[PDB]
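**Q** Pasting a structure here, questions to come.
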Protein chains: 6
Amino acid sequence: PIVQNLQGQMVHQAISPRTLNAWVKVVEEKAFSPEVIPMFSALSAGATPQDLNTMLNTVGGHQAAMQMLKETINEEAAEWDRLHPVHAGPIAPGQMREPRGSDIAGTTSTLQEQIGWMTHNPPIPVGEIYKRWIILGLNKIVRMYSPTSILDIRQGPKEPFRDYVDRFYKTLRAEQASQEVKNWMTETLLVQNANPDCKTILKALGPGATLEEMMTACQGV
Amino acid sequence: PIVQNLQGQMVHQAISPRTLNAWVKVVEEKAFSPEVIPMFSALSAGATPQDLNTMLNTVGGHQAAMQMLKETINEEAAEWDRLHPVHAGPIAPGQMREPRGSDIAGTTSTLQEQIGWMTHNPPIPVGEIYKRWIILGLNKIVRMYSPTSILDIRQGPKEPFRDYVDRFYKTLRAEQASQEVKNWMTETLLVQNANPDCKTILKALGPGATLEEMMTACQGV
Amino acid sequence: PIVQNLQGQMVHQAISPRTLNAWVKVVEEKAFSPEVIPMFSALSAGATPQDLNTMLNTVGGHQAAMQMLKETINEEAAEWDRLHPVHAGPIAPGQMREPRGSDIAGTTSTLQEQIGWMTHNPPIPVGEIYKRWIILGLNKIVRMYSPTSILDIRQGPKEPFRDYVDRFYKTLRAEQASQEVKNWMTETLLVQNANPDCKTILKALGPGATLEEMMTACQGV
Amino acid sequence: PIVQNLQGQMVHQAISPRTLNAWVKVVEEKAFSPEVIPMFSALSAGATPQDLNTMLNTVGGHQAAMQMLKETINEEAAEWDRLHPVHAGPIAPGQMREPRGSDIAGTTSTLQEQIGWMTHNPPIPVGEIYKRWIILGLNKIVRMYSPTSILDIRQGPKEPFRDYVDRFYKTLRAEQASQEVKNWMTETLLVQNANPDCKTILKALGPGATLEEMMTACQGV
Amino acid sequence: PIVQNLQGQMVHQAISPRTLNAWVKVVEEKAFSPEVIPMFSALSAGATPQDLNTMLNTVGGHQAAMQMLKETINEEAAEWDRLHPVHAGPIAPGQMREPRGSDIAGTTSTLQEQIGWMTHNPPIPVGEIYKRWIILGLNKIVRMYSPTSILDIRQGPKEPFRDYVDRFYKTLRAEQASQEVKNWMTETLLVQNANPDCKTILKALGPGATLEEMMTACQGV
Amino acid sequence: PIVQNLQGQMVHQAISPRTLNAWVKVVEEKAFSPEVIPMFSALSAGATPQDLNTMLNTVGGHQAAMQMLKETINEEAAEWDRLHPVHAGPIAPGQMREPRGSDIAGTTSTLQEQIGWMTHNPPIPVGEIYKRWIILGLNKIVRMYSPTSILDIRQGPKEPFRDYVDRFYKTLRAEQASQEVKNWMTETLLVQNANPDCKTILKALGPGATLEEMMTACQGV
Ligand SMILES: [Cl-]
Ligand SMILES: [Cl-]
Ligand SMILES: [Cl-]
Ligand SMILES: [Cl-]
Ligand SMILES: [Cl-]
Ligand SMILES: [Cl-]
Ligand SMILES: [Cl-]
Ligand SMILES: [Cl-]
Ligand SMILES: [Cl-]
Ligand SMILES: [Cl-]
Ligand SMILES: [Cl-]
Ligand SMILES: [Cl-]
Ligand SMILES: [Cl-]
Ligand SMILES: [Cl-]
Ligand SMILES: [Cl-]
Ligand SMILES: [Cl-]
Ligand SMILES: [Cl-]
Ligand SMILES: [Cl-]
Ligand SMILES: [Cl-]
Ligand SMILES: [Cl-]
Ligand SMILES: [Cl-]
Ligand SMILES: [Cl-]
Ligand SMILES: [Cl-]
Ligand SMILES: [Cl-]
């Protein structure tokens with residue numbers, strides 16, 4: 001990675017053994033549960049493309065998912081090239097060549113070139129660009145690998161309201177719909193698919209009640 | 001996070017793998033027991049909003065609680081906006097834009113903007129503001145998820161006084177009443193809800209006896 | 001905490017995850033055995049009041065003991081205020097306000113104020129003052145939670161002398177009597193409460209024999 | 001290893017105990033699965049030849065594989081010598097001798113000479129040269145130790161398409177054919193060796209469908 | 001401890017949690033086996049008296065041994081005072097007071113005074129003086145707690161010579177006789193107390209054979 | 001140890017708890033398997049003689065081997081003295097005394113003297129000299145403690161060729177013959193002591209076939 005050291009300057013160092021192991025274990029334990037994605041982001045903080053590739057390549061198994069991720073990365077890289085066409089010419093002293101998509105994904109660039117772009121003035125944050133592309137691919141996999149739909153989450157007749165809400169928001173997190181759609185699902189389905197007793201009590205609260213108030217309302221039900 | 005390095009200057013670095021893992025395990029093991037909140041605060045020391053979001057987003061399950069936390073954060077952010085209305089105008093050289101609530105919660109600000117505010121002169125401690133909002137939400141969850149009321153904690157006839165006091169103060173810690181109310185509960189209920197034998201001995205001590213003296217008094221009872 | 005960094009200057013940093021976890025496990029495993037207190041001191045080296053509060057607040061359970069500790073801290077803080085009455089007036093540029101007891105215990109002071117006092121010229125070692133108060137409270141708890149009295153430690157007829165000495169000095173360590181009283185207990189009781197055979201052999205050594213000599217003397221008995 | 005320290009300068013330090021142990025455990029657990037190679041690369045970041053030899057020599061067992069690796073290293077070293085014949089003459093002040101293959105592999109060079117080459121202007125990246133040779137040998141071993149051929153991976157009649165794809169791309173990763181050949185295997189065999197029902201559905205998608213689309217298509221089959 | 005930092009200057013820091021835990025576990029696992037003493041020395045490298053006291057005070061149980069250690073420390077401290085009598089007078093600016101034995105053992109000196117002595121010009125290595133005294137006491141305990149005498153180590157009739165030598169040198173290590181006495185034990189007893197067959201073969205080697213030669217000689221016996 | 005810090009200067013620090021523990025566990029688990037020696041070297045990187053003695057002295061048990069190691073160290077030290085006779089005279093300002101063998105082995109030198117030699121201009125690498133002597137002794141022990149001879153490694157009639165090669169090269173690694181002798185063993189015995197079927201197939205390859213080719217040849221046999 002690259003980190004702001006104890007002077008304010010930015011410097012390169014290798015990924016720590018513990019970071020590597022943490023990432024490998026996360027994938028082994030949690031597979032593609034939604035919380036894996038922010039764990040990926042945290043563990044890859046300040047990463048170069050080489051560092052990000054290291055993390056992805058250290059995964060054994062799940063090679064359908066890793067292949068899907070590769071294809072998503074290829075799509076993003078091709079899009080980058082279209083928007084940012086590389087201009088032919090000899091690179092001047094004290095200047096970096098313009099990165100292609102494959103340079104951003106770390107397949108046709110060296111570590112020094114990556115370091116060159118990331119610490120340039122102005123910086124070309126190639127690590128953060130690639131990480132954006134990776135996270136897009138991870139989101140696609142999390143959706144793909146989710147078993148349930150939000151339309152199927154229904155409160156059981158003896159089910160504590162808190163457990164139903166836990167299942168509701170777990171499933172919602174895996175859905176790849178925008179925030180406005182997620183707001184509608186919260187506004188519409190949560191109360192609609194609650195059990196008869198709770199549902200009546202929540203209808204009586206009326207529009208605009210908080211989740212806290214809803215959970216306190218259906219607590220002894 | 002951001003920490004005072006070995007010169008006196010403040011510098012950014014990523015959240016350590018061990019910090020991340022410590023937080024995830026704390027939540028897995030202890031759920032929303034009161035001691036989780038100071039553990040959160042300790043692990044999030046010097047955190048940026050991005051770091052704080054990382055910690056919250058790495059939790060799998062408990063999504064009813066995490067949704068309640070989000071709503072509490074939205075309420076605080078809306079309150080901040082009301083008190084601190086952003087003034088329209090082009091931002092001058094060597095100046096930061098005024099943060100909205102969503103900038104403080106790390107959803108509409110970048111890491112560099114967050115770093116910009118936190119290390120400014122004078123500093124806008126956006127990490128500590130957001131952490132205050134998070135802890136408010138955590139306190140609400142701890143209350144919500146507490147099984148027992150302080151009014152129900154009664155000493156059993158053969159129960160050692162020390163075990164009753166342990167149960168009393170555990171339950172008291174989860175209550176979300178102010179210090180003056182907590183003082184009244186200590187002054188009123190502890191002796192009132194003790195068992196007949198101990199209760200008589202503690203009445204005989206009179207007003208203003210210490211807990212130590214009370215525990216020594218009822219020791220062989 | 002605060003530590004003398006690699007230049008000689010003192011700088012603030014957060015409590016390490018491992019420190020926090022070490023402290024939590026110590027309390028879980030050993031409860032209030034005497035060795036917990038030096039472990040507390042070691043783990044809290046260079047701590048600010050905020051750091052010390054973090055350590056105490058991260059304990060779940062044992063809330064009778066933690067309440068007793070709070071009360072002891074209140075007593076010490078009230079004593080400090082009596083000895084050090086705060087003088088009213090506007091604080092000058094390049095000067096710190098005088099700390100009250102509650103500032104020392106970290107309840108009415110900020111982290112920056114704490115850092116202000118601890119690194120001042122001359123320093124007001126607020127961390128070490130508070131730690132002294134905490135350790136007083138811990139000593140009271142260790143005494144309270146000790147099962148046995150030193151007067152009851154008697155060597156069994158077939159008990160190896162070394163095992164009796166182990167029990168003797170374990171129990172002695174939990175007693176809250178001064179060194180001169182502890183010297184008298186060693187001088188008087190150890191030989192007095194030994195078993196008939198050993199006791200005769202130790203009487204024959206006479207006054208002023210070392211523990212080593214006593215243990216070698218009763219070895220094959 | 002050697003790493004860009006907190007000034008921008010490069011400095012030597014020993015391999016960490018955790019790095020060593022991580023490498024030993026990786027080999028113990030995963031043997032020569034493909035993901036071992038990027039784990040090797042990550043753990044050996046900034047390594048000197050002495051460091052790389054340490055990692056290889058710490059492996060107990062697998063000595064057929066380690067012997068094959070030695071022979072591959074000898075072949076590469078002999079090739080280097082042919083391309084880079086060492087010119088006889090006394091080495092001038094402020095100059096390094098030209099490295100032979102055995103100097104690159106760390107068998108006839110000292111640590112200081114290795115450090116001399118790696119930090120020279122221009123640098124002779126002897127660590128990265130040797131690592132390239134090692135990885136060539138590791139790739140040969142991974143191929144050798146792979147049980148299955150990509151031509152034998154066929155979807156079972158009741159096998160979920162996702163599990164077949166996992167097996168397909170696991171086996172493909174162990175094959176030592178170029179990217180163009182791997183593209184042909186993906187284009188040709190994946191659909192060809194799918195089960196009758198899925199195979200018909202994938203033929204209907206037509207040329208140029210993505211893996212994601214293929215996996216969504218055969219999901220309920 | 002105190003360590004030569006990255007400039008050449010010496011600086012104070014607290015004992016690491018891992019150091020503390022390592023020491024506590026060593027004592028729990030190995031009790032007072034001879035190898036505990038060099039482990040103590042290693043873990044206490046650059047320690048102040050306060051640090052050394054921390055390590056000793058964190059031991060729970062073994063309080064007979066810890067009391068013996070205290071008494072040995074008192075004897076050494078009294079000897080120091082006799083050799084180094086403190087001269088009465090007001091301490092000058094830029095000068096340290098002369099340490100008594102109790103200052104060296106860390107019971108009547110502060111951390112800053114300890115740091116004062118250890119970093120003085122010329123240094124008064126109070127940490128290393130105290131550690132010498134501690135190790136003397138540990139050696140006494142290891143002897144005390146050794147079950148066997150070197151005179152009783154005799155090779156069994158079917159016992160491999162290598163196992164007998166292991167037992168011989170284990171027991172020898174616990175003996176508190178000087179090197180010249182230990183040389184005589186090696187020269188005299190090892191061959192003398194070997195079994196009839198081996199003993200004859202070793203007599204035939206004659207005076208001045210190495211241990212290696214002796215072990216190769218009796219290998220198939 | 002001593003390491004090139006973040007300025008280029010060399011500085012002393014104590015052996016890390018994890019290094020110590022890693023070494024102790026290595027010896028406990030793997031005894032004197034050949035891979036222990038490079039693990040020793042790695043863990044002792046930049047070590048002073050005091051550090052190297054710490055590592056050897058922390059081993060409990062195996063005292064026959066540790067005694068053999070001591071004797072080998074005495075032989076090397078006596079050889080050093082013969083080659084480097086110490087010249088009598090008062091040591092000048094800004095000069096180090098000439099080290100004897102016992103100074104190199106860390107038994108008659110102080111830590112500061114060791115540091116004096118290792119950081120001198122030109123340096124006297126006393127740590128690396130002693131480590132060479134230790135490794136000589138370790139090699140002798142590994143040979144001594146090897147059960148099998150390379151002449152006895154014969155392929156079983158149903159034994160996969162890869163497993164035979166693993167056993168062959170494991171045993172070869174423990175032999176203390178030079179590289180030219182090891183080359184002859186590879187050239188002569190491997191094919192000679194293979195099973196009838198494989199042996200015929202390997203004879204047909206002819207002189208100069210690689211191990212890889214040999215292993216591919218006998219794969220389905
Ligand atoms: Cl996996
Ligand atoms: Cl990689
Ligand atoms: Cl790969
Ligand atoms: Cl660009
Ligand atoms: Cl959880
Ligand atoms: Cl996040
Ligand atoms: Cl998220
Ligand atoms: Cl503001
Ligand atoms: Cl607890
Ligand atoms: Cl707190
Ligand atoms: Cl709290
Ligand atoms: Cl004051
Ligand atoms: Cl292995
Ligand atoms: Cl090696
Ligand atoms: Cl080796
Ligand atoms: Cl070259
Ligand atoms: Cl213990
Ligand atoms: Cl202490
Ligand atoms: Cl103590
Ligand atoms: Cl003195
Ligand atoms: Cl061992
Ligand atoms: Cl030692
Ligand atoms: Cl020793
Ligand atoms: Cl010399």
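Numbering starts fresh at 1 for the residues of each chain in the structure tokens, the chains themselves are lettered A, B, ... in the order given, and ligands are numbered from 1 as they appear.
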Counting only C-alpha atoms and all ligand atoms, name the residues that have an atom within 7 Å of an atom of ligand 19; the answer should be given as a count of residues only.

**A** 5

**Q** Using only C-alpha atoms, which protein or nucleic acid residues come within 12 Å of residue 79 (chain B)? Drop anything in the same chain fewer than 4 positions from it, and give the result as JSON, numbers by chain.

**A** {"B": [72, 73, 74, 75, 83, 84, 85, 100, 101, 102, 133]}

**Q** Within 10 Å of chain E, which residues of chain C show up when using only C-alpha atoms, listed as number ranges by chain?

**A** C: 1-9, 16, 18-23, 26, 30, 33-46, 161-173, 210-213, 215-216, 219

**Q** Would you mind listing what lies within 8 Å of residue 48 (chain A) as a PyMOL selection string, with only C-alpha atoms counted and same-chain residues fewer than 5 positions away left out?

**A** chain A and resi 1-2+111+114-115+126-127

**Q** Neighbours of residue 221 (chain F) within 8 Å (only C-alpha atoms; same-chain residues fewer than 3 positions away dropped), as a VMD selection string?

**A** chain F and resid 160 to 161 197 to 198 218

**Q** Neighbours of ligand 24 within 8 Å, counting only C-alpha atoms and all ligand atoms, as a compact mmCIF listing (two decimals) with N, CA, C and O atoms, in the first residue's frame?

**A**
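Everything below was put into selection27.txt:
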# COMPACT_ATOMS: atom_id res chain seq x y z
N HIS F 84 44.04 -15.66 14.98
CA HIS F 84 44.01 -14.25 15.39
C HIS F 84 44.51 -14.10 16.82
O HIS F 84 43.72 -13.93 17.75
N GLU F 98 40.95 -6.27 20.34
CA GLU F 98 40.78 -7.38 19.39
C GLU F 98 39.99 -8.50 20.08
O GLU F 98 40.34 -8.90 21.19
N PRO F 99 38.91 -8.98 19.43
CA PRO F 99 38.09 -10.03 20.05
C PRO F 99 38.75 -11.41 20.04
O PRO F 99 39.32 -11.81 19.02
N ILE F 124 33.71 -5.46 12.38
CA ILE F 124 34.10 -6.82 12.72
C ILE F 124 32.77 -7.54 12.98
O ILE F 124 32.21 -7.40 14.07

**Q** Suppose you want the space between CA of residue 199 (chain F) and CA of residue 31 (chain D); what is it in Å?

**A** 27.4 Å
